[PDB]
Amino acid sequence: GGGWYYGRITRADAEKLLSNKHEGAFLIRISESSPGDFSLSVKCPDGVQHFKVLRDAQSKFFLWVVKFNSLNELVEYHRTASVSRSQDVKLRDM
């Protein structure tokens, strides 16, 4: 695991590279203009899409209203289900 961490990358780069070469491919990236917040990006059927992902002062990450210990506890359990719930896009890496 951990093949999904790309760090410094921006949205404009992410939408470029992440179209290679399968739907459900994903990367995790920072807000380079002001560090400490992050984005998930994913390959979808019309292009590439993005999702803001954060942590609290409690040192716990969140996506919804519910908290998890790291983004690894999101990704490793979210992967069996859709990021959209209206499209067949699920997180996958080979």
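Each value, and the rule that gives it
Residues numbered from 1 in each chain as written, not as in the entry; some residues may be left out. Heavy atoms only, no water. Pairing = 2+ DSSP bridges. Helix = DSSP H or I, 4+ residues; strand = E, 2+ residues; numbered from the N terminus. Contact = heavy atoms within 4.5 Å. Buried < 20%, exposed > 50% of the residue type's maximum accessible area, 1.4 Å probe, protein only. Core = buried A, V, L, I, M, F, W, Y, C linked by side-chain atoms within 4.5 Å. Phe/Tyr/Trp six-rings, centres within 6.5 Å; stacked < 30°, edge-to-face > 60°. Patch = residues over 30% accessible without salt bridge, like charges linked within 9 Å, V, L, I, M, F, W, Y side chains within 5 Å. Areas by Shrake-Rupley, 256 points an atom, 1.4 Å probe, with all protein chains shown as cover. Salt bridge = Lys/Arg side-chain N within 4 Å of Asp/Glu carboxyl O.

- What the deposited record gives as its method is solution NMR.

### Topic: the sheet that holds strand β6 (residues 67-68)
Step number 1: Pairing within the open sheet is mixed, and its 6 strands lie in the order β1-β2-β3-β4-β5-β6. Every other strand in the sheet has two partners, leaving β1 (5-7) and β6 as the edge strands with one partner each.
Step number 2: Direction of pairing for strand β5 (residues 61-62) relative to β6: antiparallel, over a ladder of 2 bridges. Residue pairing across strands places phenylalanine 62 opposite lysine 67, the latter belonging to β6.

### Focus on the environment of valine 89
Step number 1: Mapped onto the secondary structure, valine 89 falls in the segment after α2 (71-78).
Step number 2: Note: C-alpha distance between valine 89 and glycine 24 (65 residues apart in sequence) is 5.1 Å.
Step number 3: Setting aside residues no more than four positions away along its own chain, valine 89 makes contact with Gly24, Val42, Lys43, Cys44, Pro45, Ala81, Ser82 and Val83.

### Describing the side chain of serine 31
Step number 1: Position of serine 31 among the secondary structure elements: in the loop between β2 (26-30) and β3 (38-44).
Step number 2: Note on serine 31: relative accessible area 19%, which makes it buried.

### Focus: the nonpolar core
Step number 1: Grouped together as the largest cluster of nonpolar side chains are 15 residues, with contacts concentrated most on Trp4, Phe26, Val42, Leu71, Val75 and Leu91.
Step number 2: Counting residues per element, the ones that place at least two in this core are β2, β3 and α2.
Step number 3: Residues in contact with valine 42, not counting those within four places in the same chain, are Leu18, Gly24, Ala25, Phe26, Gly47, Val48, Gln49, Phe51, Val83, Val89 and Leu91.
Step number 4: Membership of the second largest hydrophobic core comes to 6 residues, among which are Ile9, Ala14, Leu27 and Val48.

### As for the packing of aromatic side chains
Step number 1: A full pass over the atoms with the stated rule returns 3 aromatic pairs.
Step number 2: With centroids separated by 5.9 Å and ring planes inclined at 45°, the aromatic side chains of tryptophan 4 and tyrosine 5 adopt a geometry described as tilted.
Step number 3: According to the relative accessible area criterion, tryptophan 4 is buried, its value standing at 7%.
Step number 4: For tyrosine 5, a relative accessible area of 41% puts it in the partly exposed group.
Step number 5: Relative to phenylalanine 68, the ring of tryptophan 64 has its centre 6.5 Å away and its plane inclined at 75°; by these criteria the two rings are edge-to-face.
Step number 6: Taken together, the ring pairs connect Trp4, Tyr5 and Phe26 into an aromatic cluster.

### Some remarks on a nonpolar patch on the surface
Step number 1: Together, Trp64, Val65 and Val66 make up a nonpolar patch on the protein surface, roughly 360 Å² of accessible area in all.
Step number 2: Relative to the helices and strands, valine 66 is located in the loop between β5 and β6.

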